[PDB]
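All values below were derived from every heavy atom in this structure, side-chain atoms included, with hydrogens, water molecules and symmetry-related copies excluded. Order of the sequence lines fixes the chain letters, A, B, ..., with proteins taken first and strands second; residue numbering starts at 1 for each chain.
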Amino acid sequence: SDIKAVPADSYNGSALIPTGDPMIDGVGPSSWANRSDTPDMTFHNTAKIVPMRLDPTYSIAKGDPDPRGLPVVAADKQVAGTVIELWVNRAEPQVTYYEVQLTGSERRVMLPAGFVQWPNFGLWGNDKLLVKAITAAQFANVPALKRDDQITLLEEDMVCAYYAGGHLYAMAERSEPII
Amino acid sequence: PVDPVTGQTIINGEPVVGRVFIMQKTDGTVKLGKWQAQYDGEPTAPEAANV
Amino acid sequence: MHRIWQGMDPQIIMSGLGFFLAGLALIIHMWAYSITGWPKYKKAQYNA
Amino acid sequence: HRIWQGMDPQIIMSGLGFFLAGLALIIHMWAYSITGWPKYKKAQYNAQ
Amino acid sequence: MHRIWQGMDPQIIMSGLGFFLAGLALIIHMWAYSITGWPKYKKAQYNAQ
Amino acid sequence: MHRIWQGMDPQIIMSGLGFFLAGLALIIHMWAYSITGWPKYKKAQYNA
Amino acid sequence: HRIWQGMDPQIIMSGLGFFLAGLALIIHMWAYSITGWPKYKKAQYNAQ
Amino acid sequence: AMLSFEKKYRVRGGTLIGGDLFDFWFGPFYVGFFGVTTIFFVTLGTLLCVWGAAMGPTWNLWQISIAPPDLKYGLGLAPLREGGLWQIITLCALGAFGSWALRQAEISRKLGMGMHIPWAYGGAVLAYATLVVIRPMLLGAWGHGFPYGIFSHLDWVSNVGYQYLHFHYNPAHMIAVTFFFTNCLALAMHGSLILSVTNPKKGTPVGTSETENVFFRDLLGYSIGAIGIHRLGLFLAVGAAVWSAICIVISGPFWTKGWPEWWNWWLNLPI
Amino acid sequence: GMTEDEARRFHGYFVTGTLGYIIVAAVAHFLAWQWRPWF
Amino acid sequence: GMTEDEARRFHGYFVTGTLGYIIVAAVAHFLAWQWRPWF
Amino acid sequence: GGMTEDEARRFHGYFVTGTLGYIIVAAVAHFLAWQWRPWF
Amino acid sequence: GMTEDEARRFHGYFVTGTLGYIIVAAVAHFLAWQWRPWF
Amino acid sequence: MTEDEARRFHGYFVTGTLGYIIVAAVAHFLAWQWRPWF
Amino acid sequence: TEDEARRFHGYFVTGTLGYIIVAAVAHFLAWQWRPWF
Amino acid sequence: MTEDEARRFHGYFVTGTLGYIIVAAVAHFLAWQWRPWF
Amino acid sequence: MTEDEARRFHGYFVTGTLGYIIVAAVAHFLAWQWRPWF
Amino acid sequence: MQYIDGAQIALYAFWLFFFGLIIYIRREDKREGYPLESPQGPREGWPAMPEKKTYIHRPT
Amino acid sequence: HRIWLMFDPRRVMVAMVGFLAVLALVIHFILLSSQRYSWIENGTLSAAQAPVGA
Amino acid sequence: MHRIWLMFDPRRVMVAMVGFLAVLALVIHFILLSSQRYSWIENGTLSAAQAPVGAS
Amino acid sequence: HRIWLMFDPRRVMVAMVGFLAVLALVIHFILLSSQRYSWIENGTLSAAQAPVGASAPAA
Amino acid sequence: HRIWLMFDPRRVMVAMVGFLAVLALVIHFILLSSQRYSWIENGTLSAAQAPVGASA
Amino acid sequence: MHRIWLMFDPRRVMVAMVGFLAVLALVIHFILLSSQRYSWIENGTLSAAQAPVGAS
Ligand SMILES: CCCCCCCCCCCCCC(=O)OC[C@H](COP(=O)(O)OCC(O)COP(=O)(O)OC[C@@H](COC(=O)CCCCCCCCCCCCC)OC(=O)CCCCCCCCCCCCC)OC(=O)CCCCCCCCCCCCC
Ligand code: BCL
Ligand code: BCL
Ligand code: BCL
Ligand SMILES: COC(C)(C)C/C=C/C(C)=C/C=C/C(C=O)=C/C=C/C(C)=C/C=C/C=C(C)/C=C/C=C(\C)CC/C=C(C)/C=C/C=C(\C)C(=O)O
Ligand SMILES: COC(C)(C)C/C=C/C(C)=C/C=C/C(C=O)=C/C=C/C(C)=C/C=C/C=C(C)/C=C/C=C(\C)CC/C=C(C)/C=C/C=C(\C)C(=O)O
Ligand SMILES: COC(C)(C)C/C=C/C(C)=C/C=C/C(C=O)=C/C=C/C(C)=C/C=C/C=C(C)/C=C/C=C(\C)CC/C=C(C)/C=C/C=C(\C)C(=O)O
Ligand SMILES: COC(C)(C)C/C=C/C(C)=C/C=C/C(C=O)=C/C=C/C(C)=C/C=C/C=C(C)/C=C/C=C(\C)CC/C=C(C)/C=C/C=C(\C)C(=O)O
Ligand SMILES: COC(C)(C)C/C=C/C(C)=C/C=C/C(C=O)=C/C=C/C(C)=C/C=C/C=C(C)/C=C/C=C(\C)CC/C=C(C)/C=C/C=C(\C)C(=O)O
Ligand SMILES: COC(C)(C)C/C=C/C(C)=C/C=C/C(C=O)=C/C=C/C(C)=C/C=C/C=C(C)/C=C/C=C(\C)CC/C=C(C)/C=C/C=C(\C)C(=O)O
Ligand SMILES: COC(C)(C)C/C=C/C(C)=C/C=C/C(C=O)=C/C=C/C(C)=C/C=C/C=C(C)/C=C/C=C(\C)CC/C=C(C)/C=C/C=C(\C)C(=O)O
Ligand SMILES: CCCCCCCCCCCCO[C@@H]1O[C@H](CO)[C@@H](O[C@H]2O[C@H](CO)[C@@H](O)[C@H](O)[C@H]2O)[C@H](O)[C@H]1O
């Protein structure tokens with residue numbers, strides 16, 4: 001019993017019910033793989049994913065909104081923080097993560113770009129970021145990093161798994177039949 | 001053959017209770033045989049080209 | 001007697017009673033037209 | 001009379017009315033074809 | 001005798017007895033109509049006048 | 001002899017006997033109608 | 001008599017019922033064909 | 001039997017219909033409400049296909065054919081001998097194809113995934129629905145659908161294609177073929193690219209994402225992204241089915257003459 | 001919904017409306033019988 | 001739903017309604033029998 | 001459950017009374033039907 | 001299930017019911033035989 | 001989702017259903033006069 | 001929840017049985033119009 | 001679950017199965033009189 | 001939605017709906033004078 | 001001979017090649033997540049799971 | 001009955017409504033396209049005039 | 001019988017019911033429009049005596 | 001009677017009902033396809049008039 | 001009414017207008033494709049001259 | 001003997017056996033239905049002397 005889940009009934013093939021809070025214990029869609037605890041490296045032995053402040057040769061293409069200083073609207077339609085720094089992939093130039101400072105600051109969390117949607121599919125005014133996967137309160141329980149400048153593959157899985165697991169566990173309604 | 005009196009169909013000397021029909025497959029379809037058999041009822045082979 | 005109406009909205013009763021009476025009166029009127037043949041025998045006189 | 005206990009009187013009247021409405025309409029159609037009433041009287045008034 | 005009704009809802013009994021009686025009386029009335037030929041012969045008189 | 005009814009619901013027994021008796025009486029009645037020819041001969045006397 | 005011990009008495013009787021009911025129905029079919037009983041008595045009543 | 005990492009993912013929730021009653025796994029398969037609905041329609045449809053084979057002249061697998069009704073029945077349910085069995089099987093197929101898509105949506109919801117697979121599958125279902133539902137309704141008879149037989153439905157395609165005297169000149173068919181051919185070329189390129197990096201020249205280390213982008217820039221001057229290739233493959237494969245559905249639905253319901261004659265508009269431009 | 005007190009007065013008006021409607025219908029069928037009897 | 005006191009009074013109302021419906025139906029068949037007997 | 005021993009005892013009384021009244025009334029209907037068109 | 005006391009009481013009613021049903025069915029076969037003997 | 005609003009909704013729903021059925025009954029009777037199907 | 005199941009069962013049983021009786025009457029009407037045996 | 005509920009369920013399942021078989025037997029006997037297949 | 005403007009909206013919706021049906025009834029009256037369909 | 005012709009021979013050679021290829025690809029499919037876990041013990045379908053495959057990484 | 005403690009009453013009635021609706025449509029559609037019971041066209045014929053397969 | 005709405009959502013019931021009724025009404029109207037006897041747009045003005053009847 | 005320990009009664013019921021529905025529909029559909037038992041069209045015929053299938057005679 | 005507390009007036013109004021516009025276009029095009037009510041071509045004919053479906 | 005169940009679990013073998021028996025039974029019933037001699041739905045009531053026999 002090291003996975004913190006119990007079978008529903010004694011019939012085999014039955015689904016597991018998590019015992020605690022599946023977001024943090026990593027069960028079901030919140031599960032992560034035990035990847036290597038070392039940062040990914042580019043072709044020249046440098047960290048693959050780094051914040052822009054560590055490499056000033058990167059910039060934002062013209063005609064693309066600068067998401068820094070923009071509000072982060074969570075699944076509650078309540079602002080969960082503000083984007084302050086971008087994490088980019090140097091092997092293939094692309095935004096990978098957003099760094100969000102909470103409303104009462106005192107901490108910074110990461111937000112994968114795959115869960116970020118823009119208003120009107122990015123066609124009309126882009127004044128905020130949409131995060132449908134997690135609530136504003138659970139932004140505070142996103143796993144943190146060991147260092148402020150590089151991210152290993154182990155934690156990379158943990159942040160992505162935590163957000164992806166919130167499409168089933170953010171609210172009780174999301175884990176229930178529609179009819 | 002048909003019974004002269006009752007009108008019943010006789011099969012191998014035994015009358016049948018009911019209206020007898022000859023069984024057939026879907027729309028009277030018959031499985032194909034050899035590829036040469038495709039040319040029975042067809043016109044014969046065409047004459048040589050005028051060159 | 002009156003205890004059958006307890007808990008019932010008087011508007012709902014009158015709206016549902018009017019629906020019954022209107023549709024029933026229309027059906028029996030069409031029923032009565034066909035039996036007596038009233039509009040036919042007078043329409044044909046004015047259209048002769 | 002104890003059979004009515006725990007039963008909503010409105011549901012019972014709405015189930016008796018549904019029964020009587022559908023049974024009376026079926027027997028009326030049954031009686032129309034047996035007596036032949038509307039047919040003979042309508043043919044009298046529509047023989048003009 | 002009366003213990004056969006223990007642990008049962010009296011309304012389920014009355015609903016099933018109505019189902020039995022209504023379905024049975026419909027089958028035998030159709031049975032009876034074809035045997036006596038009642039509505040046929042009476043409606044034949046009234047539809048020939 | 002009574003020790004066979006041990007641990008069995010009496011309402012289940014009666015419903016399963018009711019199924020048997022109802023379905024067997026229906027099959028034998030149809031069986032008996034064919035043999036005696038009862039409704040056939042009486043139907044012919046009234047529908048002639 | 002030690003063949004019964006460890007066996008369910010209901011399973012024994014429910015398995016004898018299946019055996020006897022199905023065998024009595026096979027042989028009643030067998031007996032009807034051999035004697036021709038319903039055929040000859042049906043033909044007496046259904047040809048008059 | 002389960003994969004060595006599978007146990008922690010087998011959790012409840014994510015269904016669209018039902019609760020713990022239909023939230024179990026039969027062997028490797030997940031059984032939902034739409035898993036139960038799939039099995040019902042698959043069993044009913046397959047048994048009726050076997051019955052259609054038994055009604056026909058042969059048990060040969062290639063020669064079995066269950067044909068649609070005659071055009072004179074015109075959107076009615078024909079006799080089962082005369083094509084009505086084809087219509088019943090069509091309903092079972094539609095129910096099974098729809099249930100399969102909804103069952104896939106339930107599985108992705110349980111795994112915290114996107115909804116791309118059900119909608120990608122819907123492109124194939126749309127093409128099938130155009131062939132047996134939409135186009136026959138526009139033409140006014142269920143008999144415009146194709147028969148259910150391995151080589152019988154090839155005869156239908158041939159004769160329908162020649163109903164327009166040259167089906168190659170269909171403008172939507174030309175586009176749909178290009179989508180199919182480009183998809184096959186792109187899939188070969190993508191499969192080779194991943195395998196060549198992961199299985200490189202013997203004795204050398206496994207390559208990186210730079211190696212792919214550098215290689216395709218060296219060969220062609222442009223390298224689509226790692227996400228770009230998967231977006232393109234989805235677009236090419238699904239767009240092939242969508243353009244196929246368009247190409248068949250315009251033949252008959254909209255264009256009735258030969259397809260070569262359609263190109264009059266290009267030849268009669270004022271210039 | 002209605003309480004017991006108001007359902008007693010509602011029933012009083014409802015019964016009066018039913019009787020008056022039936023009285024008018026009775027005269028209607030009475031006048032229709034002389035014009036064209038249906039039996 | 002209802003109570004024993006409520007069902008005792010209801011049963012009295014229901015029986016006098018069931019009864020009275022039968023006599024008026026009995027007159028209906030009596031008048032119909034005089035007009036066109038169905039046997 | 002429902003209809004305990006006391007309730008079932010009184011229910012069985014009203015059931016047997018209703019069953020007999022149904023039988024008697026049906027017997028008269030069969031007697032009237034027999035005089036009109038006997039079925040044997 | 002069913003106890004020892006009520007297994008016998010049920011069996012007594014079942015035997016009486018089974019017997020009375022057979023005798024009543026015996027009279028029906030007696031009457032049917034004088035009407036249409038089936039052998 | 002309370003017994004109070006379930007009763008208020010049921011009264012309007014029943015009346016709306018009741019009204020819908022009668023208009024269909026009048027429509028069917030009107031069509032039977034025009035062209036009966038039996 | 002065992003009491004609410006018993007009350008629902010009465011509604012479902014009555015509705016199921018009443019629906020079959022109504023369908024039996026419709027089948028009776030169709031037999032009068034055009035018998036299938 | 002418990003053997004107490006495994007005895008209750010099996011009683012209704014067998015009676016339901018027996019009821020279904022009997023009505024099917026009646027249906028097959030009805031069809032045989034109308035149009036026998038042997 | 002304060003439930004009070006719903007009454008305000010309902011009056012406008014009912015009048016607009018009933019007014020549209022009356023106008024459409026006149027259009028069917030005009031079309032009947034031109035070419036009856038019964 | 002008479003019934004046997006070149007197209008049939010080529011078709012059956014292709015069938016054998018395809019079945020071999022499918023066996024090889026199914027072997028490659030079982031390089032992750034195997035052997036399967038069951039209450040009865042370890043399980044492998046046909047084809048059996050292949051030997052462990054190791055990659056080569058660039059030095060740091 | 002305790003059957004509703006095993007199956008959800010809300011879901012059973014929804015699935016039962018769907019099955020009966022589909023069954024009723026199939027039977028109505030089978031009869032509609034038959035020679036004998038095409039009631040939209042031949043519903044006014046009497047039982048003697050209705051077609052019989054032969 | 002108001003207790004039914006404590007089980008089923010009135011929003012989802014009405015939307016599902018309105019959708020089914022509209023689809024059913026369109027199907028029946030289209031079936032009659034495709035028939036010979038009740039193609040009311042074309043014949044329409046024929047009396048019941050002159051309306052088509054299927055073969056006997 | 002122990003079969004319900006090794007199998008979920010809820011799932012066996014659903015499987016059984018689904019199997020019976022498929023089987024019943026298949027048999028009804030096969031008979032509707034047959035000439036002798038196409039009861040919608042020829043159900044009013046007597047057994048003496050019902051179709052009987054036979055093979056072609058020798059001559 | 002209390003129904004507007006259940007359904008959004010904007011969603012209902014847009015859906016209703018969209019339904020009515022589609023329904024109106026369908027009916028106008030069904031009559032246009034018919035023979036009796038192809039009013040753009042035969043609209044000047046009198047009711048006696050307008051085409052009628054066959055009495056067969 | 002019984003130790004085969006210590007090698008194959010009773011549940012899996014039973015499901016496979018039931019599945020194989022059902023498929024075999026349906027295949028044989030359908031094979032006979034497609035034959036001339038044993039199309040019992042159609043001929044059925046023919047005696048063994050009247051039943052079709054394949055050509056010699
Ligand atoms: C190319 C190379 C590779 C080619 C091959 C590629 C293969 C790809 C797939 C790979 C996996 C295959 C193996 C597999 O699926 O194993 C499942 C099972 C082990 O399952 P498990 O792990 O023990 O089960 C877990 C769990 O479900 C436990 O639940 P429980 O034990 O309570 O099971 C309850 C189930 C079963 O009960 C049943 O009654 C179901 C019986 C199904 C089979 C028989 C069908 C006919 C009778 C139907 C019932 C009759 C009444 C009882 O109850 C359920 O309800 C489970 C879900 C069933 C489906 C949903 C409900 C459908 C309802 C409507 C339709 C009804 C039927 C028409 O193991 C076996 O069955 C062992 C044998 C496996 C090999 C296949 C053998 C096939 C033999 C026949 C071949 C015929 C060829 C034409
Ligand atoms: C040749 C064929 C015949 C014919 C033969 C039959 C026969 C026979 C029957 C029907 C039945 C039905 N037919 Mg048809 N029918 C014909 C032509 C039509 C036409 C048409 C366009 O001409 C239409 C619209 C219909 C429509 C209908 C339905 C109204 C009805 C029920 C279907 C059903 O089960 O739904 C199921 C789907 C649902 C969603 C069910 C919804 C819930 C229902 C409404 C609840 C009922 C509760 C019940 C009444 C309560 C009873 C209470 C107790 C009395 C106390 N028929 C022709 C003339 N029809 C069936 C029926 O039930 O009739 C009563 C039936 O058995
Ligand atoms: C053979 C068929 C006939 C014909 C038969 C009909 C019939 C019959 C009708 C239409 C209708 C319409 N036709 Mg057409 N129509 C023909 C040819 C045409 C042609 C054309 C180019 O030939 C066109 C463009 C149109 C266009 C139109 C639209 C104006 C309208 C359908 C849309 C709609 O609902 O609008 C909405 C347009 C409006 C003006 C709606 C106004 C609504 C407001 C809310 C009324 C408010 C009243 C007041 C405020 C409140 C009173 C409250 C209480 C009652 C006291 N018709 C041919 C000749 N047409 C329908 C219609 O609605 O007609 C009026 C209709 O029923
Ligand atoms: C003389 C014949 C004509 C012609 C006539 C036609 C006609 C007519 C049509 C096409 C269509 C197509 N033609 Mg062509 N065609 C010709 C020559 C060609 C040539 C060529 C090299 O010359 C090519 C490349 C093509 C290419 C194509 C495609 C664009 C298209 C087929 C794909 C498709 O629709 O997928 C769509 C995919 C599907 C329909 C599959 C759906 C599958 C469903 C959803 C799931 C099934 C699951 C299954 C039952 C599971 C089984 C069990 C499991 C295995 C266990 N044509 C010639 C000139 N062509 C077809 C088309 O566009 O169809 C829409 C079509 O009907
Ligand atoms: C074959 O079918 C075919 C051919 C068709 C043959 C037909 C056959 C059949 C079977 C026909 C059936 C006919 C029938 C039988 O049921 C018909 C039934 C008719 C009936 C019952 C009519 C009843 C009418 C009642 C009326 C008009 C009451 C009006 C009340 C009014 C005006 C007062 C309102 C004001 C109030 C209350 C004050 C509010 C106080 C308040 C608010 C306060 O105080 O708070
Ligand atoms: C043609 O061929 C086939 C079809 C085969 C031929 C065969 C046909 C067959 C078999 C027919 C069967 C017929 C039949 C028998 O079965 C018919 C049986 C009919 C019956 C039983 C009718 C009963 C009617 C009862 C009525 C009208 C009662 C009304 C009561 C009222 C108004 C009082 C209401 C309460 C009030 C005012 C106060 C409430 C107190 C409250 C609220 C309180 O206290 O709070
Ligand atoms: C084609 O021909 C074929 C068909 C082939 C030929 C074959 C035919 C065959 C085989 C027919 C079989 C017939 C048959 C079987 O044997 C018939 C058997 C019929 C029977 C048994 C009928 C019984 C009817 C019972 C009635 C009416 C009882 C009513 C009782 C009432 C109303 C009281 C209810 C209680 C109340 C009100 C208060 C108590 C509550 C209390 C105290 C509380 O709440 O506490
Ligand atoms: C075509 O050819 C073919 C025709 C097929 C040829 C046919 C061939 C064959 C082989 C036919 C076989 C026929 C047959 C086989 O033997 C027939 C077998 C018939 C038998 C056995 C009938 C037995 C009936 C038993 C009855 C009626 C008992 C009723 C009991 C009652 C009423 C009491 C209920 C108890 C109570 C009330 C007390 C509750 C106490 C409680 C709860 C408590 O105290 O707790
Ligand atoms: C050949 O032809 C084929 C086709 C093949 C033959 C086949 C035929 C078949 C199978 C037919 C089937 C027919 C069928 C059954 O299945 C048909 C079933 C029909 C039904 C059920 C109709 C019911 C309609 C009811 C309606 C419209 C109700 C409307 C209610 C309204 C508007 C008021 C609501 C508003 C409220 C409450 C606001 C208050 C809010 C409040 C107070 C608050 O907010 O609190
Ligand atoms: C040739 O044709 C082919 C097709 C080929 C031949 C084939 C034919 C075949 C195979 C046919 C099969 C038929 C079949 C079997 O499968 C048919 C089976 C039919 C069945 C079982 C129908 C059952 C219907 C039941 C209904 C309608 C019940 C409704 C219940 C209601 C209304 C009550 C709800 C009450 C509520 C909600 C109150 C809640 C209170 C609460 C909550 C409270 O108080 O709290
Ligand atoms: C040419 O034609 C072709 C087709 C080719 C030839 C054909 C060939 C073939 C292969 C045919 C196959 C036939 C076959 C296969 O074996 C047939 C097998 C049929 C079988 C097994 C039928 C069994 C049915 C059982 C039923 C219906 C049970 C119902 C039970 C009920 C209703 C009770 C439920 C309620 C309960 C339990 C409540 C208590 C709960 C409680 C107490 C709680 O909760 O506690
Ligand atoms: C099999 C139905 C498939 C339903 C799936 C698609 C949903 C859309 C439903 C479209 C329904 C069309 O409705 C269909 O109209 C045709 C028109 O000939 C009717 O067709 C039948 O009756 C008409 C008259 O009634 C006859 O003239 C015609 O020869 C006969 O085939 C069908 O009985 C009816 O089913």
Quiz item: If you look at every heavy atom in N:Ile21 and E:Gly23, which pair is closest and at what distance?
Solution: CD1-N, 3.8 Å

Practice problem: Would you indicate whether the side-chain heavy atoms of D:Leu16 and D:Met13 approach each other to under 4.5 Å? | Solution: yes

Quiz prompt | Separation of R:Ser34 OG from T:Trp39 CH2 (nearest 0.5 Å) | solution = 11.5 Å

Quiz item: With side chains defined as the heavy atoms from C-beta onward, is the minimum distance between S:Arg37 and R:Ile40 less than 4.5 Å?
Solution: no

Quiz item: Do K:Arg37 and E:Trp38 pass the side chain to side chain contact (heavy atoms under 4.5 Å, CB included) test, and can you show the C-alpha distance, the side-chain angles, and the key distance before you say yes or no?
Solution: CA-CA 9 Å; K:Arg37 286 201 171 197; E:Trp38 154 62; 6.0 Å; no

Quiz item: With no hydrogens and no angle check, is any side-chain donor or acceptor of S:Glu42 less than 3.5 Å from a backbone partner on U:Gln35?
Solution: yes

Quiz item: Checking T:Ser33 side chain against T:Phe29 main chain: does a donor-acceptor pair fall under 3.5 Å?
Solution: yes

Side-chain atoms of residues 49-56 of chain U: list all donor-acceptor pairs with protein atoms under 3.5 Å, sequence neighbours left out, distances to 0.1 Å.
residue : atom : partner : partner atom : Å
U:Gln49 : OE1  : U:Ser46 : OG           : 2.4
U:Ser55 : OG   : S:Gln50 : O            : 2.8

Quiz item: Does atom NZ of E:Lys43 have more than 12 heavy-atom neighbours from other groups under 6.0 Å away?
Solution: yes

Quiz item: With side chains defined as the heavy atoms from C-beta onward, is the minimum distance between R:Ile30 and H:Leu80 less than 4.5 Å?
Solution: no

Quiz item: Cation over ring, C:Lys42 on C:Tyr46, under 6.0 Å and within 45°?
Solution: yes

Quiz item: Is there a side-chain contact between T:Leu25 and H:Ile88, using heavy atoms and a 4.5 Å cut-off?
Solution: no

Exercise. Could you go through the side chain to side chain contact (heavy atoms under 4.5 Å, CB included) check for M:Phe13 and S:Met17 one step at a time?
Key: CA-CA 12 Å; M:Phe13 180 85; S:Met17 224 195 57; 4.0 Å; yes

Exercise. For E:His29, enumerate each residue passing the side chain to side chain contact (heavy atoms under 4.5 Å, CB included) test, keeping only those at least two apart in sequence or located in another chain.
Key: E:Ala25, E:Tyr33

Self-check item: M:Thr17 (side chain) donor-acceptor with M:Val14 (main chain) under 3.5 angstrom
Solution: no

Exercise. Calculate, to the nearest 0.5 Å, the distance between atoms OH and CG belonging to S:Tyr38 and S:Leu32 respectively.
Key: 8.0 Å

Quiz item: Do S:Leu21 and M:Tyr20 come within less than 4.5 Å of each other through their side chains, counting heavy atoms only?
Solution: yes

Self-check item: Residue pair N:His27 / N:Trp31, side-chain heavy-atom distance below 4.5 Å
Solution: no

Exercise. List the atom of H:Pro69, the atom of H:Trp86, and the distance in Å for their closest heavy-atom pair.
Key: CD-CE3, 4.1 Å

Quiz item: CG/E:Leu26 to CE/E:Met30 distance, rounded to the nearest 0.5 angstrom?
Solution: 8.5 Å

Quiz item: Mind checking what makes ring pair (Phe, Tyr, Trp, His ring centres under 6.0 Å) contact with M:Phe38, not counting sequence neighbours?
Solution: N:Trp33

Exercise. Could you give me the CA-CA distance, side-chain angles and deciding distance for T:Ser38 and H:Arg81, then say whether side chain to side chain contact (heavy atoms under 4.5 Å, CB included) is met?
Key: CA-CA 10 Å; T:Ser38 215; H:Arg81 276 177 326 250; 4.0 Å; yes

Practice problem: Measure the spacing between CG of U:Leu32 and NE2 of U:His28 and express it to the nearest 0.5 Å. | Solution: 9.0 Å

Quiz item: Would a 4.5 Å heavy-atom cut-off, applied to side chains only, mark T:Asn42 and T:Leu45 as touching?
Solution: yes

Self-check item: Min side-chain heavy-atom separation H:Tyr73-H:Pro79 under 4.5 Å
Solution: yes

Self-check item: From NZ (D:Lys39) to CD (D:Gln44), nearest 0.5 Å
Solution: 13.5 Å

Quiz item: To the nearest 0.5 Å, how far apart are CZ in C:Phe20 and OG in C:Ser15?
Solution: 15.5 Å

Quiz item: Which is it for C:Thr36 and I:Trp38 under the side chain to side chain contact (heavy atoms under 4.5 Å, CB included) test, yes or no, and what are the steps along the way?
Solution: CA-CA 7 Å; C:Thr36 43; I:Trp38 52 90; 5.6 Å; no

Quiz item: Taking M:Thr15 for the side chain and M:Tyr12 for the main chain, is one N or O donor matched with an acceptor at less than 3.5 Å?
Solution: no

